[PDB]
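As you go down the protein sequences, you meet chains I, G, H, J, L and K in turn. Numbers 1 to 188, 195 to 292, taken from the authors' numbering, label the letters of the first sequence in order. Numbers 1 to 191, 195 to 290, taken from the authors' numbering, label the letters of the second sequence in order. Numbers 1 to 47, 52 to 110, 115 to 187, 197 to 292, taken from the authors' numbering, label the letters of the third sequence in order. With the first letter of the fourth sequence counted as 1, position 14 gets the number 40 in the authors' numbering; the numbers rise by one all the way through. Numbers 433 to 499, 589 to 650, taken from the authors' numbering, label the letters of the fifth sequence in order. With the first letter of the sixth sequence counted as 1, position 45 gets the number 257 in the authors' numbering; the numbers rise by one all the way through. A short write-up of the structure that comes next.
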Amino acid sequence: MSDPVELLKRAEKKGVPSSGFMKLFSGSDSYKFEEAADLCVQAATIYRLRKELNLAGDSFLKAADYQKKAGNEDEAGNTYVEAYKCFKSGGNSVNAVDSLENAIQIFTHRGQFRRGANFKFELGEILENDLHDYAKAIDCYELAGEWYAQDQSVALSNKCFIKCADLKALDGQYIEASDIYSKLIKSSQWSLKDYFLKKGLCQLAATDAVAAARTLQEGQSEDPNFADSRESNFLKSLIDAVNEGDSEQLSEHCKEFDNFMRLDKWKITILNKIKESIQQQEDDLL
Amino acid sequence: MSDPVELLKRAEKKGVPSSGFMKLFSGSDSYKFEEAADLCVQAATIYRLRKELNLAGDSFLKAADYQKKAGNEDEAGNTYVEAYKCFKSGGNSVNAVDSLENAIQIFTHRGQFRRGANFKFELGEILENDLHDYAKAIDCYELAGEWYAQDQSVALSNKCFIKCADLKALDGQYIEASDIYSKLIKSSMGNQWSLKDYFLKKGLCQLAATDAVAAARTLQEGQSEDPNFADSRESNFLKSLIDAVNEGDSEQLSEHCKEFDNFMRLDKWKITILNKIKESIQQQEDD
Amino acid sequence: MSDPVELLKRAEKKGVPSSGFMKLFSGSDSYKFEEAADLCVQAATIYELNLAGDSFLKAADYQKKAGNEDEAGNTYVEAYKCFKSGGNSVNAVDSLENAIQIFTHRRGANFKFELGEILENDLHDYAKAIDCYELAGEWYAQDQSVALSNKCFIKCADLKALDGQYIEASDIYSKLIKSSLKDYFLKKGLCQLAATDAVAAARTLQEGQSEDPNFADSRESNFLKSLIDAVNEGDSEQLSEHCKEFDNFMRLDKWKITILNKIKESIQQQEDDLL
Amino acid sequence: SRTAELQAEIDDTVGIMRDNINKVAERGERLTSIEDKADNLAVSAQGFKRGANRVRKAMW
Amino acid sequence: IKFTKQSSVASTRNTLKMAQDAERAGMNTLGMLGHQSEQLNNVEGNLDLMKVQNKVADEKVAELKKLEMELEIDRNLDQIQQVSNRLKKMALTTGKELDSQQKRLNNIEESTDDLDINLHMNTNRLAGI
Amino acid sequence: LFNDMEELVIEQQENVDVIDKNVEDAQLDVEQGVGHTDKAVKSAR
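Structure (structure tokens):
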């Protein structure tokens, strides 16, 4: 096998633009950038075979930069995706982010919105799980959901808006999360009951029990499957406990609900916030 | 990024045909229209990146017009489809209609009937839902269904003819809707759930035309030709409606409607047609 | 719009091969046939589905003369679609046959099956339909597409049985079994009964009962048994009773009715030959 | 118990077919895009053929 | 009681026929998907060949530039349960086939775009010679 | 759901037909084009 370091050195030597008087006699520099990109891709493939995945990613990044200089942006976007795959498999989430961002920018400029949305969602997943940059993850899930909505892909859009609303609610942006849940409801049977519950829970965490009661009434009137659901009864019981200011009754209803339908971590966090708001009002009254 | 306004101004300057003595020295104007189209497409792409979707649509329309002037009609049809997508995403349903109509005309001219039928159906959907121009939506679903029938796409043809018959029945053209349901039945025979619905809807149209005998014939036909309709709730319901219509008992009809609704929810279409049938009974009582 | 007749006349003028001294100065005639094909395709597009088909046939012939056989095969498929939609089943057959020949020399099974369907339903040329379903099933079998191969072999066995080739139909059902299983066992046995070979029917019954538990306890197995019993007793009335009993619970399709009537007739003929 | 099991199997199969409908929608969308790009490819291939022929005549 | 049993019989008869229904679609759909997936295979071969030919074109262009009722209810349920088993299996197989073809179509799209770009590039280069 | 699936696949058959025809047509044109560039190179040398 060729040495990837020597391949990269040859790529670097070829990727120098023609300067000065030589520019009058040299044809388009595009072909030189293409050949430098091919040398970088060969180096990247050899590094990938060696499981030196970060060096493969860096070589694909160099290849994509040369492809951009050649004018071959569609190839650059594909090569950025290969760089991303190498960095993600190598545990270098930062360079994976940067690779996906360049790929997404190329795909959106080329009108490949759906493709860019796929990668924007994966970018959101990296921001959420590996980097814990929840704000940018929110922005990524929102924009991906919008791109899927323009593409009439309701299911993918809903997957993104679920992730967005969940993260917004965990970040304390309860009103905006409730608005996204209202969009998810309008766009949408099993998940619908969950959306009504989560909307109401966000509203309770915003100390707006009236909006929660309205959401309950809306859901009970518009979806018969929510009306007779455990989620509706639970949301009602939580609204009642919030209006009475009884944080113990709320904790009882939470335990009762948890015994039949396990509360996931998101619901527990939001329910704890609601309880804390009740206890704070109790303390402010003594 | 280039300024899209300057790109469009350059497109406009290039897209002037060679007039006069210059026409003797200028080659084909086709290349000038191609380059103007490319400039318009670049402007449209920049507007789309800015989410200025209506301006992107207008730029694609200009590009498609230049492509037509170049003789590149297949490209013009694709660019009209991109204009349509921009206008639809921008909420400008009128320009979306006009874009699809030009694209469909090109596609039909290129013998791409199927492609035109896909877009003619989408045109029908825009006319129905956004513009409420139900007459043109009917015409769109009918013609799309015919083009799909010629392509042996029984399934798309049936989807279109369902939309056509439903809209025709809601517009009071009950006889024509019944005839389209007869076509849907015939195309669906030997292929059943939609079939029961087709039999029911045919009969309901006939009742709304105050022709209970044709409804009874449709019931007998369905009961003989498709055993699943014979034992279905839809058949029993259609029978009960025919019986109530022949007796002139609008209350019994309303009871049978409630009974049916308790087991199989009546959609908005059935409710509208059933109300019309009831009104025709009550009018005969009042007369 | 251009006039399609004028387009075809231009295609015909261009599609004349270079003859004589002109052949020394003219480049490859391929480009002339390509341009004639393009003109024919434009005319076909403007066309009046039968005239569109004929124009696509002319285009495909010019494409063949250009050496662009893959294009010719695609154009023959477009001709086929026009003729089928125009109700000209003969030219649809001819178009599919040319397309299939091109595809096999270089998909053909898909179109060979559709050809079998046209031969069966529109032309009632059942012999060629059988040949088409058999060859399509074989091509799918080589491609390891068991489901498509089985669809073709079902059509082949059904038509062979209706044509009185009961033994060959039974052999195809044996292939289908080895590769609906209950139905295949029943139909195999029925073919064997129509061949007056009740012993082979009993063997098929025993085979099915041993190899597939779902056939063992099925109505199809009990029905086949009862038919074997009635055939061995020579009681055509008991056979008709068992047919009615079976029909009350599981409707006999037209194929089964035809084969069962043949079995009954063979019993009645043996009764008459013994009196 | 047999009827409840049957109901459970039918509900599961309904779920699988519903998933499939979403997938076939994604498939139809992909196919519409590929048809557009394959049309582009055919046009570009013809253009390349013609340009190469014109250069062949030029060099000759 | 008799009326209810009769209604149950009618319900199960209708259910069985519709079970056999969901079957014809699955077998035809799988057949068509097999046909289309296979039509994709011919496309894939042609795309691979065009990639090789574009490599050749790249090098040639470069050089150029250089130069009784109870029993029936039971039996109908028997029949419905068996069909339901195949409807489930067919749905699973159809899902798997759609997954495979979806990845194949994604690759077909990318390869088609790449070829289109390469062809436009070489056409522009030939224009200048 | 099955009914709709059949319907959608019947629709998609159509797309597959055109794609196959166009890619096949393109391959033959590319092959001819390469032949032309070969003869062009032969002359230019």
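Every residue gets a Cβ at the ideal spot worked out from N, C-alpha and C, and that includes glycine.
Check                                                                                                                                                                    : Outcome
Residue 89 of chain G versus chain I: which residues are under 7 Å apart at the beta carbon?                                                                             : 150
What first and last residue would you give for the alpha helix (DSSP H) that runs through residue 196 of chain I?                                                        : 196-211
In the segment 110-139 of chain G, which residues sit with their C-beta less than 7 Å from some C-beta in chain H, listed in chain order?                                : 110 and 111
Is the beta carbon of residue 155 of chain I sitting closer than 8 Å to the one on residue 168 of chain I?                                                               : no
Within 8 Å of any Cβ in chain J, is that where the Cβ of residue 78 of chain G sits?                                                                                     : yes
Report yes if the C-beta distance between residue 253 of chain K and residue 492 of chain L is below 8 Å; otherwise report no.                                           : yes
Residues of chain K with CB closer than 8 Å to the CB of residue 61 of chain J, please, in chain order.                                                                  : 227, 230, 231 and 234
Just tell me which of J:60, J:44 and J:77 has its CA closest to the CA of residue 644 of chain L.                                                                        : J:77
Sort H:199, H:212 and H:211 by Cα distance to residue 222 of chain H and report the nearest one.                                                                         : H:199
Let's test the definition: count the other Cβ atoms within 10 Å of the Cβ of residue 2 of chain H and tell me whether it reaches 16, buried, or not, exposed.            : exposed
Can you give the Cα-Cα distance for residue 79 of chain I and residue 150 of chain I, rounded to whole angstroms?                                                        : 26 Å
Please list, in chain order, the residues of the segment 436-458 of chain L that have any C-beta partner in chain G closer than 7 Å.                                     : 442, 445, 446, 449, 450 and 453
Report yes or no: is there a C-beta of chain J within less than 8 Å of the C-beta of residue 74 of chain G?                                                              : yes
At least one CB of chain G closer than 8 Å to the CB of residue 37 of chain J: is that the case?                                                                         : no
Does the segment 52-59 of chain G come within contact of the segment 83-93 of chain G, defined as at least 3 CB pairs closer than 8 Å?                                   : yes
What is the C-beta distance between residue 293 of chain I and residue 121 of chain I, in whole angstroms, given that I count them as a contact (C-beta under 8 Å)?      : No answer is possible for residue 293 of chain I: it lies beyond the span of chain I, which begins at 1 and ends at 292.
Using the Cα positions of residue 250 of chain H and residue 226 of chain G, report the straight-line distance between them to the nearest angstrom.                     : 40 Å
Is there contact here, the segment 255-265 of chain G with the segment 177-186 of chain G, by at least three beta-carbon pairs under 8 Å?                                : no
If you drop the 5 nearest sequence neighbours on each side, which residues of the same chain put their C-beta closer than 7 Å to that of residue 145 of chain H?         : 157, 160, 161 and 164
Could you give the DSSP three-state label for residue 245 of chain K: helix, strand or coil?                                                                             : helix
Quick one: is residue 462 of chain L near chain H, going by C-beta distance under 8 Å?                                                                                   : yes
Verify whether the separation of the beta carbon atoms of residue 40 of chain H and residue 59 of chain H is less than 8 Å.                                              : yes
Could you name the residues of chain J that residue 471 of chain L contacts, counting a contact when the two beta carbons are closer than 7 Å?                           : Simply none; closest approach about 11 Å.
By Cβ distance below 8 Å, which residues in the same chain neighbour residue 594 of chain L in space, the five residues on each side in sequence not counted?            : 437, 440, 441 and 444
Thinking just about the alpha-carbon of each residue, which of I:148, I:32, I:284 and I:22 is nearest to the one in residue 14 of chain I?                               : I:32
Can you name, in chain order, every residue of its own chain whose Cβ lies under 6 Å from the Cβ of residue 111 of chain H, other than the five neighbours on each side? : It's not possible to place residue 111 of chain H here, given that chain H moves directly from 110 to 115.
Three-state secondary structure (DSSP) at residue 114 of chain I?                                                                                                        : helix
From which residue to which residue does the alpha helix (DSSP H) around residue 65 of chain G run?                                                                      : 53-70
By how many angstroms is the C-alpha of residue 82 of chain I removed from the C-alpha of residue 50 of chain I?                                                         : 16 Å
For the pair the segment 625-641 of chain L and the segment 277-288 of chain H, tell me if three or more CB-CB distances fall below 8 Å.                                 : no
When Cβ atoms are compared, which residues of the segment 38-51 of chain G fall closer than 8 Å to chain I?                                                              : 45, 48 and 49
State the DSSP-derived secondary structure class of residue 268 of chain H, mapped to helix, strand or coil.                                                             : coil
Assuming residue 67 of chain J contacts residue 227 of chain K (C-beta within less than 8 Å), just tell me the rounded distance between them.                            : At roughly 15 Å, the Cβ-Cβ gap does not stay under 8 Å, so residue 67 of chain J and residue 227 of chain K are not in contact.
Of the residues L:451, L:463 and L:452, which one's Cα is nearest the Cα of residue 615 of chain L?                                                                      : L:463
Are the C-beta atoms of residue 240 of chain K and some chain H residue less than 8 Å apart?                                                                             : yes
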